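Visitor: Structure file work08.csv (CSV, C-alpha atoms and all ligand atoms) right here:
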```csv
chain,number,residue,atom,x,y,z
A,46,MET,CA,2.9,20.9,-5.4
A,47,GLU,CA,3.4,20.4,-1.7
A,48,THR,CA,7.0,21.6,-2.0
A,49,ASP,CA,6.2,24.5,-4.4
A,50,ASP,CA,3.3,25.8,-2.3
A,51,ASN,CA,5.5,25.9,0.8
A,52,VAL,CA,8.7,27.1,-1.1
A,53,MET,CA,6.9,30.1,-2.7
A,54,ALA,CA,4.9,31.0,0.5
A,55,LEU,CA,8.1,31.4,2.5
A,56,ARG,CA,10.0,33.4,-0.1
A,57,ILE,CA,7.0,35.7,-0.3
A,58,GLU,CA,6.7,35.9,3.5
A,59,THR,CA,10.4,36.7,3.8
A,60,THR,CA,10.9,39.1,0.9
A,61,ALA,CA,7.7,40.9,1.9
A,62,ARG,CA,8.7,41.2,5.6
A,63,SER,CA,12.0,42.7,4.5
A,64,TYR,CA,10.3,45.4,2.5
A,65,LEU,CA,7.9,46.3,5.3
A,66,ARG,CA,10.6,46.7,8.0
A,67,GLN,CA,12.3,49.2,5.5
A,68,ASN,CA,9.4,51.7,5.7
A,75,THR,CA,6.8,43.5,14.6
A,76,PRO,CA,5.1,43.3,11.1
A,77,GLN,CA,2.3,40.9,10.2
A,78,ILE,CA,2.4,38.9,7.0
A,79,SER,CA,1.3,35.3,6.3
A,80,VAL,CA,1.2,33.5,3.0
A,81,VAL,CA,-0.8,30.2,2.5
A,82,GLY,CA,-0.3,28.1,-0.6
A,83,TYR,CA,-2.8,25.7,-2.1
A,84,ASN,CA,-2.6,24.3,-5.7
A,85,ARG,CA,0.0,27.0,-6.5
A,86,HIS,CA,-2.7,29.6,-5.8
A,87,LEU,CA,-1.6,31.9,-3.1
A,88,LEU,CA,-3.5,33.7,-0.3
A,89,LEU,CA,-2.0,36.8,1.3
A,90,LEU,CA,-2.9,37.6,4.9
A,91,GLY,CA,-1.9,40.3,7.4
A,92,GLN,CA,-2.2,43.9,8.4
A,93,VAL,CA,-0.4,46.7,6.5
A,94,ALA,CA,-0.6,50.4,7.0
A,95,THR,CA,-1.2,51.7,3.5
A,96,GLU,CA,-3.0,50.6,0.4
A,97,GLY,CA,0.2,51.0,-1.6
A,98,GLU,CA,2.2,48.5,0.5
A,99,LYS,CA,-0.7,46.0,0.2
A,100,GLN,CA,-0.5,46.4,-3.6
A,101,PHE,CA,3.3,46.0,-3.5
A,102,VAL,CA,3.2,42.8,-1.5
A,103,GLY,CA,0.8,41.6,-4.1
A,104,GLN,CA,3.3,42.2,-6.9
A,105,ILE,CA,6.0,40.2,-5.0
A,106,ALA,CA,3.6,37.2,-5.1
A,107,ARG,CA,2.6,37.8,-8.7
A,108,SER,CA,6.3,37.8,-9.7
A,109,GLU,CA,6.4,34.1,-8.8
A,110,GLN,CA,6.4,32.5,-12.2
A,111,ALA,CA,5.0,29.3,-10.7
A,112,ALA,CA,2.0,31.0,-9.2
A,113,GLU,CA,-1.3,30.4,-11.1
A,114,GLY,CA,-3.3,32.7,-8.8
A,115,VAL,CA,-2.8,35.3,-6.0
A,116,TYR,CA,-5.5,36.3,-3.5
A,117,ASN,CA,-4.6,39.5,-1.6
A,118,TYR,CA,-6.7,39.6,1.6
A,119,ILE,CA,-4.4,41.9,3.6
A,120,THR,CA,-6.2,44.5,5.7
A,121,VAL,CA,-5.1,48.1,5.8
A,122,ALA,CA,-4.7,49.4,9.4
A,133,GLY,CA,-4.2,32.9,12.3
A,134,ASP,CA,-4.4,29.1,12.1
A,135,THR,CA,-5.1,26.4,9.5
A,136,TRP,CA,-7.9,23.9,10.4
A,137,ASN,CA,-6.7,20.5,11.4
A,138,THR,CA,-8.1,17.3,9.8
A,139,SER,CA,-10.4,16.4,12.7
A,140,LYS,CA,-11.8,20.0,13.1
A,141,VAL,CA,-12.7,19.9,9.4
A,142,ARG,CA,-14.4,16.5,9.8
A,143,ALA,CA,-16.5,17.8,12.7
A,144,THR,CA,-17.6,20.6,10.4
A,145,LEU,CA,-18.2,18.6,7.1
A,146,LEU,CA,-20.2,15.7,8.4
A,147,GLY,CA,-22.1,14.4,5.4
A,148,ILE,CA,-19.4,15.0,2.8
A,149,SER,CA,-17.3,12.1,1.7
A,150,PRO,CA,-13.8,11.8,3.1
A,151,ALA,CA,-12.5,12.1,-0.5
A,152,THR,CA,-14.2,15.5,-1.1
A,153,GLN,CA,-13.0,16.8,2.3
A,154,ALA,CA,-9.4,16.0,1.2
A,155,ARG,CA,-9.7,18.7,-1.5
A,156,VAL,CA,-10.2,21.6,1.0
A,157,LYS,CA,-8.0,23.8,3.1
A,158,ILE,CA,-9.5,26.1,5.8
A,159,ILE,CA,-7.8,29.0,7.6
A,160,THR,CA,-9.1,31.5,10.1
A,161,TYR,CA,-7.1,34.8,10.1
A,162,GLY,CA,-8.5,37.6,12.2
A,163,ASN,CA,-12.3,37.3,12.1
A,164,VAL,CA,-12.5,35.7,8.6
A,165,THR,CA,-12.5,32.1,7.5
A,166,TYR,CA,-11.2,31.2,4.0
A,167,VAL,CA,-12.1,28.0,2.2
A,168,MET,CA,-9.8,26.8,-0.6
A,169,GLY,CA,-10.3,23.8,-2.9
A,170,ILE,CA,-10.9,22.3,-6.3
A,171,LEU,CA,-14.6,21.5,-6.2
A,172,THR,CA,-17.6,20.8,-8.4
A,173,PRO,CA,-20.2,23.7,-8.4
A,174,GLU,CA,-22.4,21.3,-6.4
A,175,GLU,CA,-19.7,20.6,-3.8
A,176,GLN,CA,-19.0,24.3,-3.4
A,177,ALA,CA,-22.5,25.2,-2.3
A,178,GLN,CA,-22.6,22.2,0.2
A,179,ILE,CA,-19.2,22.9,1.9
A,180,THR,CA,-19.9,26.7,1.8
A,181,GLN,CA,-23.1,26.0,3.7
A,182,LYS,CA,-21.5,23.7,6.3
A,183,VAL,CA,-18.7,26.1,7.0
A,184,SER,CA,-21.1,29.1,7.3
A,185,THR,CA,-23.2,27.3,9.9
A,186,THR,CA,-20.2,26.2,12.0
A,187,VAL,CA,-18.7,29.7,12.3
A,188,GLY,CA,-22.1,31.4,12.6
A,189,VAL,CA,-22.1,35.1,11.9
A,190,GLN,CA,-18.4,35.2,10.9
A,191,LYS,CA,-17.3,36.3,7.5
A,192,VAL,CA,-16.6,33.4,5.1
A,193,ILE,CA,-14.5,33.9,2.0
A,194,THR,CA,-14.5,31.2,-0.7
A,195,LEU,CA,-11.5,30.7,-3.0
A,196,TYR,CA,-12.7,27.8,-5.2
A,197,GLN,CA,-11.4,26.5,-8.5
A,198,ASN,CA,-13.7,24.4,-10.6
A,199,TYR,CA,-13.0,20.7,-11.6
A,994,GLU,CA,10.2,25.6,-18.1
A,995,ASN,CA,9.2,25.7,-14.4
A,996,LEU,CA,12.1,23.4,-13.4
A,997,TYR,CA,14.2,25.3,-10.9
A,998,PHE,CA,12.3,23.8,-8.0
A,999,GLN,CA,13.5,20.8,-6.1
A,1000,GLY,CA,13.1,17.6,-8.0
A,1001,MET,CA,11.0,14.8,-6.4
A,1002,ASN,CA,12.2,11.3,-5.9
A,1003,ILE,CA,11.2,8.4,-3.7
A,1004,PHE,CA,13.3,9.7,-0.8
A,1005,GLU,CA,11.7,13.1,-0.9
A,1006,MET,CA,8.3,11.4,-1.2
A,1007,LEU,CA,8.6,9.6,2.1
A,1008,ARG,CA,10.3,12.7,3.6
A,1009,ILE,CA,7.0,14.5,3.1
A,1010,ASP,CA,4.9,11.5,4.3
A,1011,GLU,CA,6.8,10.5,7.4
A,1012,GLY,CA,9.6,13.0,8.1
A,1013,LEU,CA,13.4,13.1,8.3
A,1014,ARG,CA,14.9,12.8,11.7
A,1015,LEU,CA,18.7,13.0,12.2
A,1016,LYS,CA,18.6,12.0,15.9
A,1017,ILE,CA,17.3,8.8,17.6
A,1018,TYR,CA,13.7,9.4,18.5
A,1019,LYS,CA,11.0,7.3,20.1
A,1020,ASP,CA,8.1,6.4,17.6
A,1021,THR,CA,4.5,6.0,18.8
A,1022,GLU,CA,4.8,2.3,19.7
A,1023,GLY,CA,7.5,2.9,22.3
A,1024,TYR,CA,10.5,1.8,20.2
A,1025,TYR,CA,13.5,3.7,18.8
A,1026,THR,CA,13.9,4.9,15.3
A,1027,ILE,CA,16.0,7.2,13.1
A,1028,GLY,CA,16.0,8.7,9.6
A,1029,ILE,CA,12.8,8.0,7.7
A,1030,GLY,CA,11.0,5.4,9.9
A,1031,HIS,CA,14.1,3.2,10.0
A,1032,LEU,CA,13.5,1.3,13.3
A,1033,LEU,CA,16.5,0.3,15.3
A,1034,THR,CA,15.1,-1.9,18.0
A,1035,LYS,CA,11.9,-2.6,20.0
A,1036,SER,CA,13.8,-2.7,23.3
A,1037,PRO,CA,13.4,0.4,25.5
A,1038,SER,CA,17.2,0.3,25.8
A,1039,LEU,CA,18.5,3.4,24.0
A,1040,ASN,CA,22.0,2.0,24.3
A,1041,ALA,CA,20.7,-1.0,22.3
A,1042,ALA,CA,19.4,1.4,19.7
A,1043,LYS,CA,22.6,3.4,19.5
A,1044,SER,CA,24.7,0.3,18.9
A,1045,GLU,CA,22.3,-0.9,16.2
A,1046,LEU,CA,22.6,2.6,14.7
A,1047,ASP,CA,26.4,2.1,14.5
A,1048,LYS,CA,25.7,-1.2,12.9
A,1049,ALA,CA,24.0,0.0,9.7
A,1050,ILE,CA,26.3,3.1,9.4
A,1051,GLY,CA,29.5,1.5,10.5
A,1052,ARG,CA,31.1,4.3,12.6
A,1053,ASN,CA,30.6,6.2,15.9
A,1054,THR,CA,27.3,7.7,15.1
A,1055,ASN,CA,26.8,8.9,18.6
A,1056,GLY,CA,23.0,8.9,18.1
A,1057,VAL,CA,23.4,11.5,15.3
A,1058,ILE,CA,23.7,11.1,11.5
A,1059,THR,CA,23.9,13.2,8.4
A,1060,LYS,CA,21.4,13.4,5.6
A,1061,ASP,CA,23.9,11.7,3.2
A,1062,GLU,CA,24.0,8.6,5.5
A,1063,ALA,CA,20.3,8.7,6.3
A,1064,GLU,CA,19.6,8.4,2.6
A,1065,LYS,CA,21.9,5.3,2.8
A,1066,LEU,CA,19.6,3.8,5.4
A,1067,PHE,CA,16.5,4.6,3.3
A,1068,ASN,CA,18.0,2.7,0.4
A,1069,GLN,CA,18.5,-0.4,2.6
A,1070,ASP,CA,14.8,-0.1,3.8
A,1071,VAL,CA,13.6,0.3,0.2
A,1072,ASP,CA,15.6,-2.8,-1.0
A,1073,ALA,CA,14.1,-4.8,2.0
A,1074,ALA,CA,10.6,-3.9,1.0
A,1075,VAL,CA,11.1,-4.7,-2.7
A,1076,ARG,CA,12.1,-8.2,-1.7
A,1077,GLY,CA,9.1,-8.8,0.5
A,1078,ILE,CA,7.1,-7.5,-2.4
A,1079,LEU,CA,8.6,-9.9,-4.9
A,1080,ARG,CA,8.2,-12.9,-2.5
A,1081,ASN,CA,4.5,-12.0,-1.9
A,1082,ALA,CA,2.2,-13.8,-4.4
A,1083,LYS,CA,-0.3,-10.9,-4.4
A,1084,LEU,CA,2.1,-8.0,-4.7
A,1085,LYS,CA,4.7,-9.3,-7.1
A,1086,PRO,CA,2.7,-9.2,-10.4
A,1087,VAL,CA,1.3,-5.8,-9.7
A,1088,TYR,CA,4.8,-4.4,-8.9
A,1089,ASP,CA,6.4,-5.8,-12.0
A,1090,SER,CA,3.7,-4.3,-14.3
A,1091,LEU,CA,4.1,-0.7,-13.0
A,1092,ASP,CA,6.3,2.2,-14.1
A,1093,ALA,CA,8.8,3.8,-11.8
A,1094,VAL,CA,6.7,6.4,-10.0
A,1095,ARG,CA,3.8,4.1,-9.5
A,1096,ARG,CA,6.3,1.6,-8.0
A,1097,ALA,CA,7.2,4.2,-5.4
A,1098,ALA,CA,3.5,4.7,-4.5
A,1099,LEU,CA,3.3,1.0,-3.8
A,1100,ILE,CA,6.5,1.1,-1.8
A,1101,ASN,CA,5.0,4.0,0.2
A,1102,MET,CA,2.0,1.9,1.2
A,1103,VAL,CA,4.2,-1.0,2.2
A,1104,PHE,CA,6.3,1.3,4.4
A,1105,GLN,CA,3.1,2.4,6.1
A,1106,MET,CA,1.1,-0.9,6.5
A,1107,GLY,CA,3.6,-3.6,5.8
A,1108,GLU,CA,3.6,-6.2,3.1
A,1109,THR,CA,0.5,-8.1,4.4
A,1110,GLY,CA,-1.5,-5.0,4.9
A,1111,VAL,CA,-1.1,-3.8,1.3
A,1112,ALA,CA,-1.7,-7.4,0.1
A,1113,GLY,CA,-5.3,-7.1,1.5
A,1114,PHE,CA,-6.3,-4.4,-1.0
A,1115,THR,CA,-7.4,-7.2,-3.4
A,1116,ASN,CA,-9.7,-5.2,-5.7
A,1117,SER,CA,-7.6,-2.0,-6.0
A,1118,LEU,CA,-4.6,-4.1,-6.9
A,1119,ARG,CA,-6.4,-5.9,-9.8
A,1120,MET,CA,-7.3,-2.5,-11.2
A,1121,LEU,CA,-3.7,-1.2,-11.1
A,1122,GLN,CA,-2.4,-4.3,-12.8
A,1123,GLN,CA,-5.1,-3.6,-15.4
A,1124,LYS,CA,-4.1,0.1,-15.7
A,1125,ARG,CA,-7.6,1.3,-14.7
A,1126,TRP,CA,-6.1,4.3,-12.9
A,1127,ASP,CA,-9.4,6.2,-12.3
A,1128,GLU,CA,-11.4,3.2,-11.0
A,1129,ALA,CA,-8.5,2.3,-8.8
A,1130,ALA,CA,-8.6,5.8,-7.2
A,1131,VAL,CA,-12.3,5.9,-6.5
A,1132,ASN,CA,-11.9,2.5,-4.7
A,1133,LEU,CA,-8.8,3.3,-2.6
A,1134,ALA,CA,-10.6,6.5,-1.3
A,1135,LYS,CA,-13.2,4.3,0.3
A,1136,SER,CA,-10.9,2.4,2.7
A,1137,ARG,CA,-10.0,2.9,6.4
A,1138,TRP,CA,-6.6,4.0,5.0
A,1139,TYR,CA,-8.0,7.1,3.5
A,1140,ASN,CA,-10.0,7.7,6.7
A,1141,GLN,CA,-7.0,7.6,9.1
A,1142,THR,CA,-4.4,9.3,6.8
A,1143,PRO,CA,-6.3,11.3,4.2
A,1144,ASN,CA,-3.6,13.8,3.2
A,1145,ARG,CA,-1.1,11.1,2.6
A,1146,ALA,CA,-3.5,8.7,0.9
A,1147,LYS,CA,-4.5,11.7,-1.3
A,1148,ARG,CA,-1.0,12.1,-2.5
A,1149,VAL,CA,-0.3,8.4,-2.8
A,1150,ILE,CA,-3.5,7.9,-4.8
A,1151,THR,CA,-2.9,10.8,-7.2
A,1152,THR,CA,0.5,9.4,-7.9
A,1153,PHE,CA,-1.3,6.2,-8.8
A,1154,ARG,CA,-3.7,8.1,-11.0
A,1155,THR,CA,-1.3,10.4,-12.9
A,1156,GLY,CA,1.9,8.2,-12.7
A,1157,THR,CA,3.7,11.4,-11.9
A,1158,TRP,CA,5.0,13.5,-8.9
A,1159,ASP,CA,2.2,16.1,-9.1
A,1160,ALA,CA,0.8,15.8,-5.6
A,1161,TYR,CA,4.3,15.9,-4.1
A,1162,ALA,CA,5.9,18.6,-6.3
A,1201,CL,CL,-6.2,15.9,13.6
A,1202,CL,CL,-2.9,12.2,6.5
```
Could you write out this file's structure as structure tokens?
Guide:
Amino acid sequence: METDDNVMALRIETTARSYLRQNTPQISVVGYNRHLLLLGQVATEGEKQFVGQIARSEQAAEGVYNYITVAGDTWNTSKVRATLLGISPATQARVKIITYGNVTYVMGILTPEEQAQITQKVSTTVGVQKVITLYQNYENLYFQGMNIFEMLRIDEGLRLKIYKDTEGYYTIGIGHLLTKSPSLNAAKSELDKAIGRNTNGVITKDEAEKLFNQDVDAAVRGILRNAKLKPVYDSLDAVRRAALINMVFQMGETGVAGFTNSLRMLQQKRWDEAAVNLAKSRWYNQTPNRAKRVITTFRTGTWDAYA
């Protein structure tokens, strides 16, 4: 859903901008849950209606909201938390907020009760600004296919040059750390190590996916030697296995092993009880978007949140 929302939005942004310049321009498409929100300033009511047909021609779109005016910025996680104090971190994760012009749009899959609460909180934070709600209540196979490599591409990023992480070390690819020394030369040599050539501090995607496989294998061995992680891992299907490998990549073997109660529920296949519980940890607090995708993967056993 992450990849389809973005994929469609850009195709609509780009095919729409093309049509406008054939009659500088202002068009913006935002995608949430395959529902699409059209933003910008067009000159005539007929063009606004034509840009809306472009979007509705997207077979994978299950809704289109045309809010183009006839002559922006998405809220970041912290700014939403400043505004939704009192709502659980889990419910805040099912909400996108955008301000385009002098309007503020609120998208999300909410209970009728949750809608009135969040609508209230947003209206009091913006004051006398217009607030548009776009709520939903509680074949198509041409898109990219999701796998574990594309999963951790969305959750960490793909870097094809040696970059410094946050801890002051050197890294490349998908979080594949090279060395904790501040010596770049030390990192460039270790980069040649795993690739076996004159990388020159640069790699291709084909040979970054080769690293990512080495990193995945390394995790799966730590997992099978850890007394708490092994039985859970063995009992789970393929997608749910990549959810677990995701958490290990993020917190290390020992970190994940501390989720005692949530692990017992996964090994017991209680998918929904395991989700309510994982959404109560510091993990959800400090990386809610990721933890929302990882946790839905655990609940559905599918690539929904990522597709
Ligand atoms: Cl933030
Ligand atoms: Cl996050």
Visitor: Could you pull out the residues sitting within 10 Å of ligand CL 1202 (chain A), using only C-alpha atoms and all ligand atoms, and write them as a list in words?
Guide: residues 138, 154, 1010, 1011, 1138, 1139, 1140, 1141, 1142, 1143, 1144, 1145, 1146, 1147 and 1148 of chain A
Visitor: Of the residues A:1020, A:113, A:1127, A:134, which is the one nearest to residue 995 (chain A), using all atoms listed in the file?
Guide: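 Ranking A:1020, A:113, A:1127, A:134 by distance to residue 995 (chain A), first place goes to A:113.
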Visitor: Using all atoms listed in the file, determine which residues fall within 8 Å of ligand CL 1201 (chain A), then list them as JSON, numbers by chain.
Guide: {"A": [137, 138, 139, 140]}
Visitor: With C-alpha atoms retained, export the selected residues as a compact mmCIF listing (two decimals), in the frame of the given file.
Guide:
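Writing done, so here's out12.txt:
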```
# COMPACT_ATOMS: atom_id res chain seq x y z
CA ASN A 137 -6.70 20.50 11.40
CA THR A 138 -8.10 17.30 9.80
CA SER A 139 -10.40 16.40 12.70
CA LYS A 140 -11.80 20.00 13.10
```
Visitor: Pick out the residues sitting within 10 Å of region 1022-1038 of chain A, and hand them over as a PyMOL selection string; count all atoms listed in the file, and ignore anything fewer than 3 positions along from it in its own chain.
Guide: chain A and resi 1004+1007-1019+1041-1046+1048-1049+1056-1060+1062-1067+1069-1070+1104-1105
Visitor: CA of residue 175 (chain A) and CA of residue 197 (chain A) are how many Å apart?
Guide: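 Between CA of residue 175 (chain A) and CA of residue 197 (chain A) the gap is 11.2 Å.
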Visitor: Could you give me, as a list in words, the residues within 8 Å of residue 1161 (chain A), counting all atoms listed in the file and dropping anything in the same chain fewer than 3 positions from it?
Guide: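 Selected residues are residues 46, 47, 48, 1001, 1006, 1009, 1148 and 1158 of chain A.
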Visitor: For CA of residue 1119 (chain A) and CA of residue 151 (chain A), quote the distance in Å rounded to one decimal.
Guide: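 According to the coordinates, CA of residue 1119 (chain A) and CA of residue 151 (chain A) are separated by 21.2 Å.
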Visitor: Using only C-alpha atoms and a cutoff of 9 Å, can you tell me which residues are near (-11.0, 26.3, 3.9) in the file's coordinates, and write them out as a compact mmCIF listing (two decimals) with C-alpha atoms, in the coordinates of the input?
Guide:
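Done, and the output landed in out08.txt:
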```txt
# COMPACT_ATOMS: atom_id res chain seq x y z
CA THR A 135 -5.10 26.40 9.50
CA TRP A 136 -7.90 23.90 10.40
CA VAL A 141 -12.70 19.90 9.40
CA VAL A 156 -10.20 21.60 1.00
CA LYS A 157 -8.00 23.80 3.10
CA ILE A 158 -9.50 26.10 5.80
CA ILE A 159 -7.80 29.00 7.60
CA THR A 160 -9.10 31.50 10.10
CA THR A 165 -12.50 32.10 7.50
CA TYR A 166 -11.20 31.20 4.00
CA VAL A 167 -12.10 28.00 2.20
CA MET A 168 -9.80 26.80 -0.60
CA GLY A 169 -10.30 23.80 -2.90
CA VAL A 183 -18.70 26.10 7.00
CA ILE A 193 -14.50 33.90 2.00
CA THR A 194 -14.50 31.20 -0.70
CA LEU A 195 -11.50 30.70 -3.00
```
